[PDB]
Amino acid sequence: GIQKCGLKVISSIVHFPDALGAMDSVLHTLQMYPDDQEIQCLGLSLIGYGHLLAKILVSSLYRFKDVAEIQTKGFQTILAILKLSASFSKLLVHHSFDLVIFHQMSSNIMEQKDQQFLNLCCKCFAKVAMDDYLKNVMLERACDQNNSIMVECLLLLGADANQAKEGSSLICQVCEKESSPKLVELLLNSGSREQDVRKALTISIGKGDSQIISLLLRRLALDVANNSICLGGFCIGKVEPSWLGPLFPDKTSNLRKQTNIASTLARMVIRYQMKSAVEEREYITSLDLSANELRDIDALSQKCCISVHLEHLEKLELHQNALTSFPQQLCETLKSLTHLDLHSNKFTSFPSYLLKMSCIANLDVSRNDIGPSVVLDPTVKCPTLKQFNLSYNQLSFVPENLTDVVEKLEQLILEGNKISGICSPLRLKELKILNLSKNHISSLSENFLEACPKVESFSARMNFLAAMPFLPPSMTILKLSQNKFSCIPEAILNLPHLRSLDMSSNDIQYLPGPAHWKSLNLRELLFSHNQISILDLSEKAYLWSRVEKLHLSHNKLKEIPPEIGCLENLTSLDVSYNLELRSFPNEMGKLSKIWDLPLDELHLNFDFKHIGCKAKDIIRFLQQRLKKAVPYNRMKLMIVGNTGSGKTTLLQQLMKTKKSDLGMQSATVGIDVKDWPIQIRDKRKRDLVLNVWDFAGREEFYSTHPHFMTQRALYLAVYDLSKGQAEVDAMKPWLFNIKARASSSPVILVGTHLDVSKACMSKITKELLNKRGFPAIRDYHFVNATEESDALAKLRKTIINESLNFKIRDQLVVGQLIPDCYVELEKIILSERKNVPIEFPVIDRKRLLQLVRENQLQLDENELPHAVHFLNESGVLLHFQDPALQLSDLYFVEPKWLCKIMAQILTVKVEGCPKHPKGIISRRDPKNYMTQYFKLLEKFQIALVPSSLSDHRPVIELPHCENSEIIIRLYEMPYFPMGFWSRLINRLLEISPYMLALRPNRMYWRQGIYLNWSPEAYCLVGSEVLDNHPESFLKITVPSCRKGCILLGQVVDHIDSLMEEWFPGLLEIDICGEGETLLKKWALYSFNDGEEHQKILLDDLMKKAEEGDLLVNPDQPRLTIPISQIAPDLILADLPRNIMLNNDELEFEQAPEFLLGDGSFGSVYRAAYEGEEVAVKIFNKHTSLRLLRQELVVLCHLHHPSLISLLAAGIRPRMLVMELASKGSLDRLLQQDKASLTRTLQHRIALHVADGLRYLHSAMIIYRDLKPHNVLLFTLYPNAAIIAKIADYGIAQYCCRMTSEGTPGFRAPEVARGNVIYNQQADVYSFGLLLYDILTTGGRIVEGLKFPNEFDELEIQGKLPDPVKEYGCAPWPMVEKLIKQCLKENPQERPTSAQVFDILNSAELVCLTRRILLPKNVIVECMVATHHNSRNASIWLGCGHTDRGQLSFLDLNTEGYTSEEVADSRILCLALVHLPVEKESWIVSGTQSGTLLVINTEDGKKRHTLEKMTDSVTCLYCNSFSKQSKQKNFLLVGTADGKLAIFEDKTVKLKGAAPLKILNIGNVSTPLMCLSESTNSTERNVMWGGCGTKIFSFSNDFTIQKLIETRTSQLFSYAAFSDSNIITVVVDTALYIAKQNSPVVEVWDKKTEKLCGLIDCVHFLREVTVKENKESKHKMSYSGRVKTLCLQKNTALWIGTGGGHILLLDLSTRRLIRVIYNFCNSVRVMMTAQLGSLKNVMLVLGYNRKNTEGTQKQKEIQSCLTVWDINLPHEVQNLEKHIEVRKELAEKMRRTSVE
Ligand SMILES: Nc1ncnc2c1ncn2[C@@H]1O[C@H](COP(=O)(O)OP(=O)(O)OP(=O)(O)O)[C@@H](O)[C@H]1O
Ligand SMILES: Nc1nc2c(ncn2[C@@H]2O[C@H](COP(=O)(O)OP(=O)(O)O)[C@@H](O)[C@H]2O)c(=O)[nH]1
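Laid out in structure tokens, this is it:
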């Protein structure tokens, strides 16, 4: 008890002599005498002059929370410490500082005059909250303790509320601690992710809360702008009325303002933050409850709080729940429900009281288990039901009483049921769409449709039907597929309006000719899978001139008659899979409209499908054969041998080259292409000329031969019998490669030696070489090969007879017909071969396109790519259409040259120094040709020379080789094909991005690679020879770990993508004999992990069939091996591990169709995977596993929030799992739900699709097909995170199996013309059209279905019409410009995908409703709207371009600008006075002369110029002053000195009315310039009007009650900003004032009359106009001044600058929201209005001036009225959050790739 005196002494001397373990003892004396004797606890004062200091401060102030003014001594200390050690704050917040600073600022300090104190504590708090992290804990540690006041302060200071753990965060926490509703309301209204709010439901659903739930639903599912509740995807276990209560709107709800407390502290702290930083009705309709698993809805069927808002529902969805027994009481409560659907529920009986509903249509109960009979009560009458869906129930009879119950029914759908019996007359008077598919119907009563005279779309698929009852004469569409028919019944032939007919999969025999159909409107005739013999069209064919689809596939057709050219409109012919056609008629060339034409599984009179022949050229080709076609006699005769034979010395005698002047010739280099004609001097004048290719035999050129071994050729082969019976063996490889490359070509063995001896070699050729896997040897001779002889002459004869009988697939190749346009093209190239630089005979397409000009060739740019290819197969010129090899401009004429150059490199050796290993070589060699040289060799892959490369293999010693860590897979084949290794080791070589760009150091000899990253990941594609085996194997050993399972599954692909691309006859099932298949890809497995002494072979074909289970095991079934280990590619184990199917959780029913709901009659089903809803895609027999594995590799690494993402993929069966687009594709939406798109969902869809293209075009992959059918919506809630998602499977099937031209309607001009390769600018034109169908809500497609040939051509040139003038839709004039950019003809003039999104991300395009270009050179400076008529509105303008005034009426929907002179002096302002009587609303006009004129709304002739004033009228107004217990109003003419004349609303008619109270306020030197009225109506609409520089006010008294003056302002930086005239003033909780040429607004106050805020403009403009505006450095005399003010109700303040900008200031919390520039030049007038029940718009009358004649001291002004959606300040910040959440998802999705 002496320490008090000790500290009292120290406090004295610590001051005067500047005292310097003082702080130590004065600290421990606290801990020694704590919680007592506050006098010694005042020692804190000395601390103002080891973190123990922290722990001793927060513990002192807290324990004395409200003791005395020791807090003032505490905080002073804490403030003194902070300003010198700013780091100290990290220690305070670390302790209990939160516990003590939250109490002070909230211990009822408001309402208490301790302003001196609070300013201290806020100053102290201003520094604790400096660090970005500290706010995030100052906030989090203010939510645990329920503190609404402070949690609001820390939000206005930043401190994001979505940061805690991401998976878990504040809202999940705040909902666990049973917080206050006011606390949740602040996190949601601030930054708060959707994925965290949704998790807060299930947390807050478990517990029963009525105010914490109803605040989460309001943010998750309530589209107030569209009157909807989108509670679909949520798995809310049960719905209760107490939750949906506060969602429905209430008109009585109006609140006070109490959060201003937290708003004051928000700015006080911000003030001290800167000062320390600067110096140093409308009942909602849609209610969706889809996915919520509700086992009962009874909770709504009571008289609860919402039973008065449900009576205006008009739509209710309960599909995919588990409901049953729709409650009787409810269906009588919602007496306005007009769209009810409840399908996939577990019903078991039709309620039959649902029809008692008042006004119902589109009742949809269509997947439940409704019992046998569904009899409707015969005493209920529902004349409003239009569509009665009952599909996929369990009905066994048609519903009973449709006629007596639902009279006006339109679409009775009954598919999927089990309807069995012969039906009943079904006397429905207004059916339009029947449906009876998938039932078991045997036959219909002959009077079935005898009472429904309006049917249009009867459809009975998959039944057992044979005859048709009378069909009414009104049928249009009629589908009868999968039935059991015999002949098209005579009742269908006589339908005089039929317009489509699907009769697939029936067994009909005779398709009647067009003279039997009695209806000229045939459009489609699907007849696939029938048994149709003839296609009789000769009797009369023009009757089908409109047919647009004639599907005849899978029929027994024999020929296509020539009259099929009469079907001029035929758009999609389909005659595939006929197997007996053999010919297309040359008349088919007249089908100019065909865009697809399948050729699958039928052999024609030409060789198609090279890379082209895309069903459009085939029509051109067949058309050129109609002008003049001539036979083409030209074949290839390949000569083949091996380093010593009669190849080049037998040919010289075959051609009978008489000279052979070279006494001694040399071995061949290259292949020596030559041609000799054969003029067979016989009866047949066919002078065939076949070109010989005497291949070189030396084993070093073999790497290049497979390029020139085509399939249209007759191969020779030469023994060299001198080495009898030993050379025939050495010739098997050649015969094998002939079999590998060209299986269907003949072979003529030619024993070349007789002169020198052994001729029993005909035995082995007949024994082993004849018919064993080798090609079809058609002869064998034994010529002499050095002199003409009888033995040789009979060989020359066999070459002829074997050529003229080539006949591949019964075609006789040597004598086919081709268009003379080709033969003439052949003659000019040969005639040009003599006129080309021998050093480089190559020709560029430029030179080629001129050769046709010199002659009269009728070929176009679409013909040459086919023409010049048909000349390639014939060996006239070489040309390669590969896109990767960038030489397709080079056209190799004189093939014998290129074929010689490619072999000069393989012979150039160096007998100098072997400084390099064998096989590698650098560029050691004319004019730029050497550069062109290996710009072709590298293109030809021969560059490092993969041939002649270190045959001897190096002894590799693999790290882990213990028989259980390695995976092996042999490829036993009889001989390595010719160009196998040099091709293989050059396909795996260039793949460095394995394990994806880390290149592995590799060592590749001639027949191996062995590229290894580490002893844990390698791949050795070797080649060894087994023991006692003459085959040739390809062993591939890979480590069995995860990084190794990838390499195997990635090499086996390349080695197979090569085998079928190059040697397709290796993997060819030879059904003759047995299925040897010539290539047996074994796999190796061993049960003993190590020391197995052998690895047992196991064919892959047999093992792949063992996919029924997952384990393999021997005949001793104790132990077993997982197939993953031995062949991890058949099982999808190489792809990312997250996509293993894991069948234990996938619940999926393939067989049923009621779960196949996706689309219509498709293949992708619906299922559940990990408890969530997904969409599995069952694959048919088409897609082989090798391709499915080829597609998944590209789908697995897209990972975008705007691309359908995979979830799993597996076998049993080959299925593919993806996300379930809940609301289905987009095309189905705008086809039947056109009211759901609401001008802000039309945008988020276009933004999410332009976000997908922003990523696809980033990964260098073009979509190539973007249509309203490929966009899969996910929810119809506008302010959601994932709405649209473009289906990404389409590109996978293309990038693997390469609709490549795109759907006709949704197609670019560069892709339809087909003459130019595509670009990324094709997906933009296709997207530009997608914006045209979203804008017009699918109006082009609906009309495009009955004009399909004009559906494509109209848009294929940019000639499609205006989206507004044609189709009725709201303008949206900032996207009609984005269309007119993405719809340009030039490809590189359309905005790239990154730009088409950066101008969709703008939040100003989505609000600007319609820009209205005023007539040229009209100067208007005043406007007024008409709000008493809400049917439609008009804007009465003024005029300035004349000194004599004139009003300018202007509509809004017709935009008819009208001129009517009404005065003789320029007009300055107007006002609109309405009278509740007589139904009129006059307009008043203030002009410079003072003539106050008034004219009627209708009559433009009844006018009376009221009592003229003295100065120029400047401001008028119409008020709300009804103070006589009834309706009454005045008008306030603002003269230019203050003679405010007040009037009456009904007295305006009389000429010269009575100015009630002329209140001369100021002087002639004080002109009035504005007027206003209060924001609230509680204070009796106190008026606040400006005058000169003196602001005033009044009330019902009409006397000045305030005379605030602004020039006397004591905050002078500049003076005349306040010493100038006023312009406008708006009334709120404060006052905002505008002066002439003032770039600042002045925030005065009502009571205090002080400058509470000063907001300069350029403080915002100069912060964005820094880099994007560089020239402004000379513009220090800035332009842009406040011209007008407009204050939204409580949200933002619209400031119109003298420039082109417009300011959005959130008057509550944050100042700058956005500055909307570059849309005008001078925002001169701005005000609000309401338009046609789409109220609350913000008219903005800007200017526009172009200095066309600025040198003539004149400017051309164009006033540009606009209309902004008043919800703009929300949208601009609601969108900037919408992009943040998607950026946060676009990155986290990129992490699932690496993780
Ligand atoms: N993930 C998904 N979620 C929801 N619906 C889907 C999904 N994927 C596809 N669908 C719908 O399923 C239907 C079938 O789509 P599919 O891809 O089979 O069409 P398609 O490719 O034209 O058919 P086909 O290949 O037989 O021509 C489509 O109408 C589509 O809208
Ligand atoms: N004595 C003889 N020599 C032949 C016969 N046929 C070809 N030759 C020789 O084969 C050589 C032709 O080279 P060739 O083996 O065709 O070269 P490759 O095309 O590279 O295999 C000539 O020099 C001839 O001497 C023949 O019937 N009798």
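Numbered according to PDB author numbering, the sequence shown spans residues 558 to 577, 584 to 612, 624 to 854, 981 to 1457, 1463 to 1630, 1642 to 1659, 1668 to 1720, 1726 to 2027, 2031 to 2527.
We put the CB at the ideal spot given by N, CA and C, even for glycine.
Between residue i and residue j, how many whole angstroms is the CB-CB distance? I'm expecting something under 8 Å.
{"i": "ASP1994", "j": "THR1967", "result": "Not a contact, Cβ separation roughly 27 Å."}
{"i": "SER1096", "j": "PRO1072", "result": "4 Å"}
{"i": "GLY2177", "j": "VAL2194", "result": "7 Å"}
{"i": "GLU1301", "j": "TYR1277", "result": "5 Å"}
{"i": "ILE2111", "j": "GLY2060", "result": "6 Å"}
{"i": "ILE1738", "j": "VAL1750", "result": "5 Å"}
Taking only three categories from DSSP, how would you classify residue i?
{"i": "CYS1059", "result": "coil"}
{"i": "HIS1486", "result": "strand"}
{"i": "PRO1214", "result": "helix"}
{"i": "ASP988", "result": "strand"}
{"i": "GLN1209", "result": "coil"}
{"i": "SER2409", "result": "coil"}
{"i": "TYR1894", "result": "coil"}
{"i": "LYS647", "result": "helix"}
{"i": "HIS1039", "result": "coil"}
{"i": "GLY584", "result": "coil"}
{"i": "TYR707", "result": "helix"}
For residue i, collect the residues of the same chain with a Cβ closer than 8 Å to its Cβ; drop the 5 residues on either side in sequence, then sort them by chain order.
{"i": "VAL641", "result": "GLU601"}
{"i": "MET1788", "result": "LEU1795, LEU1796, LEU1808"}
{"i": "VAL1247", "result": "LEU1222, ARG1223, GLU1224, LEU1225, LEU1267, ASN1269, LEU1270"}
{"i": "residue 1460", "result": "Missing from the coordinates: residue 1460, inside the break in the chain from 1457 to 1463."}
{"i": "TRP1434", "result": "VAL1340, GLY1341, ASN1342, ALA1417"}
Ignore the nearest five residues each way along the sequence and tell me which others in residue i's own chain have a CB closer than 6 Å to its CB.
{"i": "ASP996", "result": "none"}
{"i": "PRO1744", "result": "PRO1683"}
{"i": "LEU1530", "result": "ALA1572"}
{"i": "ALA1608", "result": "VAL1369, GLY1370, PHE1401"}
{"i": "residue 2028", "result": "Here the chain is numbered 2027 followed immediately by 2031, so the structure offers no position for residue 2028."}
What does a CB cutoff of less than 7 Å around residue i pick up in its chain, not counting 5 residues either side in sequence?
{"i": "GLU2075", "result": "none"}
{"i": "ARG1483", "result": "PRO1446, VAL1447, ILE1448, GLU1507"}
| query | Which runs of the beta strand (DSSP E), 3 residues or longer, sit entirely within the region 2223-2281? | reply | Here the runs fully enclosed are 2225-2227, 2235-2237, 2271-2274.
| Sequence-ordered residues whose beta carbon comes within less than 6 Å of a heavy atom of ligand 1 | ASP1887, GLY1888, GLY1891, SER1892, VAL1893, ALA1904, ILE1933, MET1947, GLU1948, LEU1949, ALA1950, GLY1953, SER1954, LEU2001, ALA2016
| said: Quick check for students: name the residue ranges of the beta strand (DSSP E) that lie wholly in the region 2334-2391, counting only runs of 3 or more. | reply: 2354-2359, 2363-2367, 2372-2376, 2385-2388
| field | Entirely enclosed beta strand (DSSP E) segments - the region 1784-1842, minimum 3 residues | value | Correct list: 1811-1814, 1825-1828.
| message | Could you tell me which whole beta strand (DSSP E) segments of length 3 or greater appear in the region 1524-1604? | response | As summarised for the region 1524-1604, the continuous beta strand (DSSP E) elements at least 3 residues long and confined to that stretch are 1547-1549, 1595-1598, given in chain order.
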